[PDB]
Amino acid sequence: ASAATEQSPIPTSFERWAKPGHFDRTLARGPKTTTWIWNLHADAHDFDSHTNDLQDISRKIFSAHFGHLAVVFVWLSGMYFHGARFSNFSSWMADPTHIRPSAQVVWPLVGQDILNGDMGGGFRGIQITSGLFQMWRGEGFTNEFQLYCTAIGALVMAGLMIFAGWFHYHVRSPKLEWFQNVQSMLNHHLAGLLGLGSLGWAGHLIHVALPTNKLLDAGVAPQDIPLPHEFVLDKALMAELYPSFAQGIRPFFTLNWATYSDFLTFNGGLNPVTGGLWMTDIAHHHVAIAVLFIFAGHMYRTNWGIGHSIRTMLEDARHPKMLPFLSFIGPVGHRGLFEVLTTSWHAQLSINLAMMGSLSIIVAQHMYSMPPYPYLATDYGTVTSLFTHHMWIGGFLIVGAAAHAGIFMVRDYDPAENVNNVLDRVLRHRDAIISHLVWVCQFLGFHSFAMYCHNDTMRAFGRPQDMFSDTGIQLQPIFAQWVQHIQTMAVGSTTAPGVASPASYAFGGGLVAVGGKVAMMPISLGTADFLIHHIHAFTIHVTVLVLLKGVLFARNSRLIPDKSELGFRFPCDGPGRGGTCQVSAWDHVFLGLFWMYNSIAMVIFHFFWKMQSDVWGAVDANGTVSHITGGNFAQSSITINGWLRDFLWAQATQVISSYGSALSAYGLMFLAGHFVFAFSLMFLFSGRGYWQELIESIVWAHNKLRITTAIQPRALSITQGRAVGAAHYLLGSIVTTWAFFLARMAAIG
Amino acid sequence: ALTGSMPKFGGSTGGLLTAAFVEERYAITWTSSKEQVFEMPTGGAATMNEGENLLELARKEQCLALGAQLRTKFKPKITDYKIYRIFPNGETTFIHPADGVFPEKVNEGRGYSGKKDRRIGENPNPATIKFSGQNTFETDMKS
Amino acid sequence: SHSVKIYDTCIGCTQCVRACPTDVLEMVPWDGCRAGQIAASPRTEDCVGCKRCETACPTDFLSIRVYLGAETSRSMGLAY
Amino acid sequence: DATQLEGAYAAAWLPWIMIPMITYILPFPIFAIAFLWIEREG
Amino acid sequence: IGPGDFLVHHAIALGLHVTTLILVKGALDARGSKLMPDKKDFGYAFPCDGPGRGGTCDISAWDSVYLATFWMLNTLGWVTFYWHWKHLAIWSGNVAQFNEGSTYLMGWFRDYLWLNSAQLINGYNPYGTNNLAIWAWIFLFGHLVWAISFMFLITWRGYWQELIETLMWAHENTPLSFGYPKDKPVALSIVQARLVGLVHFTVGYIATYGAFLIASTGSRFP
Amino acid sequence: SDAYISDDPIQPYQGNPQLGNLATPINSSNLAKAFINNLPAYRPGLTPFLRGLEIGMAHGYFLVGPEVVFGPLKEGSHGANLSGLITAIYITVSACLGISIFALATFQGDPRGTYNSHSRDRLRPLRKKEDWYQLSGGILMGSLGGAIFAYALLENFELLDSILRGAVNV
Ligand code: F6C
Ligand code: CLA
Ligand code: CLA
Ligand SMILES: CC1=C(/C=C/C(C)=C/C=C/C(C)=C/C=C/C=C(C)/C=C/C=C(C)/C=C/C2=C(C)CCCC2(C)C)C(C)(C)CCC1
Ligand SMILES: CC1=C(C/C=C(\C)CCC[C@H](C)CCC[C@H](C)CCCC(C)C)C(=O)c2ccccc2C1=O
Ligand SMILES: CC1=C(C/C=C(\C)CCC[C@H](C)CCC[C@H](C)CCCC(C)C)C(=O)c2ccccc2C1=O
Ligand code: SF4
Ligand SMILES: [Ca+2]
Ligand SMILES: [Cl-]
């Protein structure tokens, strides 16, 4: 006890494990049919339906968060253990340009050890593309014992995280007043989690990572390097590397900060040795954002008078206190939104999922162009995998944001609470929002894709002067070209005199090549880039249309005026009014999952082809860059046929010709993804009554053999058939692209 | 001709369109004991006045969704709502409650209007009513 | 308009009438079951065809059937 | 060689006028006639 | 005939049997089943019987011919793929390509679909056009129509009806837009969109394979 | 409580909160109304032929340009201007055939929708079929004339250029 906020019941009982459905009143009835089995896992985590008190739900959520953190620590422990026992980390530490990262060996079972490929140095394993080796090199790891220590620490943290979740629910659980302290939570997360976290990491970088990386770039062998604590212990060794450590922590308090300008650099480019960002520049970044986040954490009034109250700031943002052109939001403004966000967990989850997915996408777009780890940009499989993975995670998270914005509407939205505020006023003109989104999606679909169809027709006619090419009708992205020119002019010896190099070489500047291969070089933006960015705008907008339509019409529409009474996840409202199939908000999350797939797949395809034809390659002794596919994005990626021939047919040479090699698992998974995609269409195109009527004949054949079962076999429900089809489509269609990307990048480098 | 104050509402895009004035409009009237916020079936939140309220909607289903909200989401319940159909010439017709009770109760005097003394599995099978015009439930016998 | 037919297996539970979003159905005296009531569908020009009345019916097979017929502006549920 | 469309066949001026008539001159009159036929009132 | 023929004959047997299953099931359950005893009173084509009784999507007998058109198309795809690859390997002289390559599925994927596509998809490239340009264009056209089918096949009616309601709002409130629909815009019905998506799937499936079979054969053997 | 109790910039359309529109600055400000209500479609008092004539002149004029710059004939001046002229001609004749068949199909007895006698649409004021036929004739005349005026200015661009540079005063 220290804050007098716990005393939680729910005694740790064991008997409550042999009674599935104990959470739901109808789930603990007695199965009867098979739909109960699927209903068990359809709302197992939905703690909002189970009970009605916000405080009990908040306690459950807090302990579930702790258990999730435990799961993530188990995963981290496993990754560090794989890097410490089944890896060539030491070999890669010796030569990180000729050795392929590998952290997984296959047992010698049926045909199975062929997947163990030669990774350089006599190591027979699987080439990992997770970027773990490049991350551990940048953090400061040199030997595998340190990785083993980190694995043990993560396992201990996992055990500690599953004790904190049991102690904050079964022993001393917080009150609801503690969860509603958003001021204190924001202060602590902004200053103590982000601020102190990045400050501690800056301390690590300044005393462990910067030493080790400086010696590594100098040329020292990995086990000839001192361990990190000697860098911490004696200041003579550390002052050999940096001459600003001879004055200790004195120039900082006497505000002579340019003394420290040799390990807090502000270069802003790429290390020529490694290929990653300047490590001193990274440490300076973390110091600056620690000072920024800690200072940001003193903003909200907590127990001492000074600060803001978010409720006051929300309630004052309203007409006539707004900017005159922003005054259309009326005299209520954001008045009832502090009580929306402190009483609805779904509203918070919707905002946090949207921001988390957007930030994961930002992470994907900032780590190919500013490679932040040593020898990262030259391992093209890792760059591809990291960009692609974070784009998929971001897209899924963003779809879940709309999912929970719709769950908030059907369940947690109260019309009496929020009257004539921004939330009420959005629901009160949503036909305008949706119709204008329909028109912009149409405009973007004609002016991106139908231009590709124009190009196909003009190229098949034999009139390429009529095409939307760089040699036909040019469509230069002059605004992005101008931004690229401003970015390369800014960094001159201007508007950013402190930096030497450009923030990325993607904007302009020079060419960084490491080990012969290109780390980074300018990404020229022509007509093909205009066309593919408008493809991206179009697909993002139709995803927004599909998802926002379900959020805005989750309560009711002109068709079904009482859709909130039907639920958030219901199949339909019968074949009447023409047929109201897929009117729920859940069905809009269903249809937006497909559109997020179609949007993120084209983003990862644009990245793969453009980086493979206009950045990645092999620099010779002179300096001439021979790109991987040979600069064919500017003329083949402007037709659909060139996308099917010069990208899909041509670059799938390495995944279908992989049988009998060490990449044969990728060919197997390529075919497996095609199977699972096609198998999904059985659930997506067919309906429930066919399958229930065919199960009738199968039940008859079973009754005749007297093999009748008590649990009555029923077809999958309508929304469950939709969920199964969507999950299968996404799984197969993404496993296919994963196998295609990874087989391609593990064969041609 | 219809009595009641329009509920306090800022307007929406979900309201009446052309078909309201060229085909038909519906009106729902109800008495509330206090001025309080309800949910419009067209989207948004409106405030019913104390006393008599009158609201025009585009569909009968919207008027019945509002009425179901009145008699279930409010304590005390508002069960005295009346729904009228308004025609383009101005003609108003009291439709709900059709009798004057409430369809869910049983009134002496309503009369059968869909009853078929059968048992579903004994409609005349379609081979016999082919070129007749009748379809299998709009008939009179039982096979 | 749709055709809503009520059969003599009706038990007068009123659940079809309570589930109707458009007020097509009402209860009439019958003395053909022990509740003394049977459903009726006079305002079947209002029927949209949602079949909520059929979902609400407890008898096997249903004592109420909706047959989707000629579409009007009311049965298509059009506010435009 | 082939700078334009040709016909090495009899009455080769007939595609020259038949393709406009069948494909972009007579179709919108036919569409108008069919639209007036399906929208005429009793 | 050899070992690669036995497997594809068993695949053809599977295809004819499942297509017959769907069609026989929908014909014999046309008059009624346990889920809908009076199905003969509702006709041959009708959307469903609502979401009651667990849900009754695709319950009509017309929906069986709907669901078996996919299986007919798939079975005839297997049949014509077998015939075409068998004969391409015979006509090229390299019959061992089909012999020791049709017993596993990557051989079908790589030695038939990928391999005999190189001339078709190069019908027009950034360097010029040969006479296979229309077959490349129709190949892509069939892919487009087949993909458009999945819009009618996966997305269902209420989504589009609510979208069309917003469009009706937008049109009545825009200035200078003097047209007005004489007949009210509604989304395509349930059975209608099933038929439209099936027609699209069929047309794209026929166009893609017709363009591939004429160009993979007419290029190798002009 | 707050639902139309405070006075905001966004009002109900025509003071009726049960109408399916809002009074926003884009459909209800004095500048937006002064521009739109004085456009030929909405200018008070005009006969339908003069409305259509001015609409057509403005429309046939700009419809010449897209094919002059972007068309298949764009490599040569004379053919580009001719392709733009006949594109404007074809689009005009198609649009006016559509106007004529809209009037033919819509105005049959009492029309349905916004041209019914009971309709309250302020944004569609051509309530009679005679208005629509006069509009079709005017849009056709004005649009074909504006198209050939743009064509004649583009054909003589060498002369119009030497004029506007004072090269004709030698
Ligand atoms: C005439 C009548 C009319 C009018 C007037 O008058 C109109 C108008 C409008 C406006 C207001 C708007 C805007 C414009 C734009 O931008 O975009 C364009 C488009 C178009 C289409 C354009 C149109 C134009 C016109 C058509 C012209 C004519 C031409 C000629 C006449 C033809 C020829 C004839 C012969 C005989 C063939 C709109 C729109 C929309 N739509 Mg709408 N329309 C209509 C028709 C129709 C139909 C049939 C359909 C089916 C297909 C639809 C559909 C649609 C959709 C989806 C949408 C969208 O998205 C949009 C919106 O919402 O926003 C927001 N819609 N629209
Ligand atoms: C993939 C299967 C397939 C194949 C290889 C063919 C092949 C042929 N058909 Mg076809 N046809 C098919 C399926 C097929 N058909 C089906 C399922 C139908 C029923 C609708 C038809 C109905 C049909 C008609 C009415 C005609 C043919 C004709 C022909 C012959 C000339 C066209 C050509 O040279 O090659 C090209 C083959 C393609 C498939 C090119 C793709 C064009 C797409 C499919 C257009 C979409 C329309 C529709 C789906 C089917 C049209 C097929 C036909 C017009 C080509 C050719 C032998 C013509 C003939 O008999 O010659 C004297 C003819 O008049 N067929
Ligand atoms: C290739 C297949 C394909 C195509 C062409 C489309 C097209 C479309 N989808 Mg769709 N969709 C698809 C697959 C496809 N989808 C699949 C597989 C799913 C499964 C989940 C969906 C699910 C889906 C949803 C949920 C939504 C859409 C929407 C849309 C519309 C977007 C607006 C737009 O782009 O305007 C432009 C039109 C096109 C790009 C169509 C092709 C036009 C060609 C290139 C030009 C034709 C020239 C000329 C007119 C031809 C005239 C010839 C004459 C003889 C007729 C659009 C018509 C959204 C919408 O309604 O937006 C408003 C909507 O919300 N789709
Ligand atoms: C909205 C707005 C705007 C726009 C505008 C526009 C859009 C424009 C335009 C324009 C145009 C578009 C114009 C036009 C025109 C025209 C004209 C000027 C015409 C003409 C003509 C003529 C003169 C003809 C003649 C003839 C005839 C009729 C007969 C015979 C032949 C001839 C040729 C003689 C802005 C933003 C700017 C601002 C303001 C407002
Ligand atoms: C195939 C299909 C079915 C049938 C699918 C079913 C019934 C689920 C199949 C899962 C099987 C039945 C697994 C269950 C078997 C037992 C769990 C035993 C498994 C043995 C292990 C214990 C070893 C639907 O119900 C359906 C509904 C709506 C749209 C499309 C479809 C659809 O496509
Ligand atoms: C896209 C889509 C729509 C919207 C599509 C509409 C409204 C079609 C209208 C597009 C234009 C107006 C017609 C296109 C014309 C065709 C190219 C040719 C048709 C001409 C013949 C009929 C003669 C639905 O209404 C729908 C309903 C149920 C399930 C799936 C869907 C669905 O996927
Ligand atoms: S087809 Fe299925 S989802 Fe559509 S209305 Fe009928 S039962 Fe509902
Ligand atoms: Ca030309
Ligand atoms: Cl091409």
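Within the option set A:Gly462, A:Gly498, being out of contact with any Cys (no Cβ under 9 Å at 6 or more places or on another chain) and at positive phi holds for one residue only, A:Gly462. For region E:131-167, give me the residue count where each residue is aromatic (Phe, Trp, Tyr) and either at the interface with chain A (Cβ under 8 Å from one of its Cβ atoms) or within 16 Å of ligand 5 (Cβ to nearest atom) (or both). Residues in region E:131-167 being aromatic (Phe, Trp, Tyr) and either at the interface with chain A (Cβ under 8 Å from one of its Cβ atoms) or within 16 Å of ligand 5 (Cβ to nearest atom) (or both): 4 in total. In the set (1) more than 15 Å from ligand 3 (Cβ to nearest atom); (2) under 20 Å from E:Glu162 (Cα atoms), A:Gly462 fails one condition alone, (2). Just a yes or no: is a residue in region E:79-101 surrounded by fewer than 18 Cβ atoms within 10 Å (Cβ to Cβ) and at the interface with another protein chain (Cβ under 10 Å from one of its Cβ atoms)? No, region E:79-101 contains no residue that is surrounded by fewer than 18 Cβ atoms within 10 Å (Cβ to Cβ) and at the interface with another protein chain (Cβ under 10 Å from one of its Cβ atoms). Looking only at region A:413-420, decide whether some residue is touching a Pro at 6+ places or on another chain (Cβ under 9 Å), over 30 Å from A:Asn267 (Cβ atoms) and within 14 Å of chain E (Cβ to nearest Cβ). So far as region A:413-420 goes, no, none of its residues is touching a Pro at 6+ places or on another chain (Cβ under 9 Å), over 30 Å from A:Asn267 (Cβ atoms) and within 14 Å of chain E (Cβ to nearest Cβ). The condition of being crowded, with 16+ Cβ neighbours inside 10 Å, within 13 Å of chain C (Cβ to nearest Cβ) and over 25 Å from C:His2 (Cα atoms) holds for only one of B:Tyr112, B:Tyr81, that being B:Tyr81. Give just the number: which of (1) among the acidic types (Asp, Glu); (2) surrounded by 14 or more Cβ atoms within 10 Å (Cβ to Cβ); (3) at the interface with chain C (Cβ under 8 Å from one of its Cβ atoms) does B:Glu56 not satisfy? All conditions pass for B:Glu56, except number (3). The number of residues in region B:13-37 being more than 7 Å from chain F (Cβ to nearest Cβ) and not basic (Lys, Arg) comes to 14.
Put simply, of A:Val518, A:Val589 the only residue that is more than 14 Å from chain C (Cβ to nearest Cβ) and farther than 25 Å from A:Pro372 by Cβ is A:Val589.
Take the conditions within 16 Å of ligand 7 (Cβ to nearest atom), surrounded by 17 or more Cβ atoms within 10 Å (Cβ to Cβ) and either assigned to a loop (DSSP other than H, G, I, E, B) or among the acidic types (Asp, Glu) (or both) and apply them to A:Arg722. Does it pass? So A:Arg722 does not fit the description; no.
Say whether the condition of being aromatic (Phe, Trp, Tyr), surrounded by fewer than 23 Cβ atoms within 10 Å (Cβ to Cβ) and under 30 Å from A:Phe449 (Cα atoms) is met by at least one residue in region A:633-645. Yes, there is a match, as at least one residue in region A:633-645 is aromatic (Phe, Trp, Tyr), surrounded by fewer than 23 Cβ atoms within 10 Å (Cβ to Cβ) and under 30 Å from A:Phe449 (Cα atoms).
The number of residues in region A:561-612 being within 30 Å of C:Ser3 (Cβ to Cβ), among the hydrophobic types (A, V, I, L, M, F, W, C) and either within 16 Å of ligand 5 (Cβ to nearest atom) or within 26 Å of the chain's Cα centre (by Cα) (or both) comes to 3.
Which condition number does E:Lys25 fail, the rest of (1) part of a helix (DSSP H, G or I); (2) within 30 Å of C:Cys57 (Cβ to Cβ); (3) more than 10 Å from every other protein chain (Cβ to nearest Cβ) being met? The number of the failed condition is (3). Given the structure, is B:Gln69 more than 14 Å from chain F (Cβ to nearest Cβ) and surrounded by fewer than 23 Cβ atoms within 10 Å (Cβ to Cβ)? For B:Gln69, the condition - more than 14 Å from chain F (Cβ to nearest Cβ) and surrounded by fewer than 23 Cβ atoms within 10 Å (Cβ to Cβ) - is met. Screening A:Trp482 with (1) closer than 25 Å to E:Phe141 by Cα; (2) surrounded by fewer than 16 Cβ atoms within 10 Å (Cβ to Cβ) gives one miss only, at (1). Considering the conditions (1) surrounded by 14 or more Cβ atoms within 10 Å (Cβ to Cβ); (2) among the polar types (S, T, N, Q); (3) farther than 30 Å from A:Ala218 by Cα, A:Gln112 is excluded by exactly one of them, (1). Restricting attention to region A:461-480, the residues being hydrophobic (A, V, I, L, M, F, W, C), under 17 Å from F:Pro72 (Cα atoms) and assigned to a loop (DSSP other than H, G, I, E, B) number 3. For region C:59-74, a residue qualifies if it is closer than 15 Å to A:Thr580 by Cα and within 14 Å of the chain's Cα centre (by Cα), and exactly one does: C:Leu68.
For region E:172-197, residues that are within 16 Å of ligand 3 (Cβ to nearest atom), surrounded by fewer than 18 Cβ atoms within 10 Å (Cβ to Cβ) and not in a loop (DSSP other than H, G, I, E, B) total 1.
Here B:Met141 fulfils each of the conditions (1) within 12 Å of chain C (Cβ to nearest Cβ); (2) more than 21 Å from B:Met6 (Cα to Cα) apart from (1). A single member of A:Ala317, A:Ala288, A:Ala296 is within 36 Å of the chain's Cα centre (by Cα) and exposed (fewer than 15 other Cβ atoms within 10 Å of the Cβ), and it is A:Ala288. Taking the condition of being of a type outside the set (A, V, I, L, M, F, W, C) and more than 16 Å from the chain's Cα centre (by Cα), how many residues in region A:375-392 meet it? The number of residues fulfilling the criteria is 5.
Taking F:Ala58 as the residue in question, decide whether it is outside any loop (DSSP other than H, G, I, E, B) and loosely packed, with under 14 Cβ neighbours inside 10 Å. Answer is no for this residue. Residue pairs whose Cβ atoms lie under 7 Å apart, sitting 6 or more positions apart in sequence or on different chains, and linking a residue in region A:575-589 that is at negative phi to a partner that is within 16 Å of ligand 5 (Cβ to nearest atom) and among the β-branched types (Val, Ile, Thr), are A:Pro575/E:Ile190; A:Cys581/E:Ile190; A:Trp586/A:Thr719. A search for C-beta distances below 8 Å between a residue of region E:192-205 that is within 12 Å of chain A (Cβ to nearest Cβ) and any residue that is among the basic types (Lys, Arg) and away from ligand 4 (no atom under 16 Å from the Cβ), counting only pairs 6+ apart in sequence or on different chains, returns E:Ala193/E:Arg157. Within region A:125-158, the set of residues being over 29 Å from A:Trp278 (Cβ atoms) and of a type in the set (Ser, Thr, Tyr) comprises just one member, A:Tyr148. Listed conditions (1) facing chain C (nearest Cβ under 10 Å); (2) in a loop (DSSP other than H, G, I, E, B) are all met by B:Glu61, apart from (2). For region E:47-62, taking the residues that are over 12 Å from A:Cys572 (Cα atoms) and at the interface with another protein chain (Cβ under 7 Å from one of its Cβ atoms), the one that is nearest to ligand 5 (Cβ to nearest atom) is identified as E:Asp58.
Of everything in region E:116-133 that's surrounded by fewer than 17 Cβ atoms within 10 Å (Cβ to Cβ) and not aromatic (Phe, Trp, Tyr), which residue is nearest to ligand 7 (Cβ to nearest atom)? Selected residue: E:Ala118. Within region A:692-731, restricting attention to residues that are over 28 Å from A:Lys32 (Cα atoms) and within 14 Å of chain E (Cβ to nearest Cβ), the residue that is nearest to ligand 6 (Cβ to nearest atom) is A:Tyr729. In region A:670-678, is there at least one residue being of a type outside the set (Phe, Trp, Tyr) and over 29 Å from the mean Cα position of the chain (by Cα)? Within region A:670-678 (the criterion being of a type outside the set (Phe, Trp, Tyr) and over 29 Å from the mean Cα position of the chain (by Cα)), the answer is no, since none of the residues qualifies.
All Cβ positions, even for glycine, are placed from backbone atoms using ideal geometry, and neighbour counts span all protein chains on display. A short reminder: the numbers here are calculations on the coordinates, not readings from a lab.
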